[PDB]
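coords please:
(chains A and B)
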Amino acid sequence: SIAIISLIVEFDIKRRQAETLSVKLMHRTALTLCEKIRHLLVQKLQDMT
RNA sequence: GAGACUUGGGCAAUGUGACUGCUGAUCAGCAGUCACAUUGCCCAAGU
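Numbering: from 1, shown residues only, chains lettered A, B, ... in the order given. Sharing the structure here:
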């Protein structure tokens, strides 16, 4: 969970500094899937929590 | 001697007025110097 949180900011900064529209979109998809992975992880953590 | 009057040498201040000089800080413009950040490229290694 902590590593995926770090990946959130890494993808955020790479998307912010990216220029090509294709690269922008690819970074956005990577960040979205990073959020989904985080959500599955934390939802599994919290139902047990 | 008593004195009045004037220029002096001044001693004082109560005013009041104006002049001159300097320091410091702030801002703006310009010039230059320190470090730091970002996107790259390439190389050196070790397993």
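
Tell me the residue of chain A that sits nearest RNA strand B?
Nearest to RNA strand B in chain A, going by C-beta to the nearest atom of the strand, is residue A:17, at a distance of 4.4 Å. C-beta: built from backbone N, CA, C; applies to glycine.

Contact partners for that residue?
Contacts here follow C-beta atoms under 8 Å, 6 or more residues apart in numbering; on that basis residue A:17 touches nothing.

So it versus residue A:9, what's the distance?
From residue A:17 over to residue A:9 the distance is 13 Å, taken as C-beta to C-beta, to the nearest Å.

and the longest helix for chain A?
helix A:21-48 (DSSP state H).

Give me the distance between that helix and the centre of its chain.
Computed by C-alpha atoms, centre = their mean, to the nearest Å, the chain-centroid distance of helix A:21-48 equals 4 Å.

same for it, what does it pack against?
Judged by 3 or more C-beta pairs under 8 Å, 6 or more residues apart in numbering; DSSP states H and E, helix A:21-48 is in contact with helix A:2-17.

What residues of the helix it packs on count as buried?
Neighbour counts over helix A:2-17 (16 or more other C-beta atoms under 10 Å) mark A:7, A:11, A:15 as buried.

burial count for the residue nearest to the second one when sequence neighbours are not counted?
Excluding its sequence neighbours, the residue lying closest to residue A:11 (C-beta to C-beta, 6 or more residues apart in numbering) is residue A:31, at 4.1 Å. Taking other C-beta atoms under 10 Å as the criterion, the count of residues near residue A:31 is 18.
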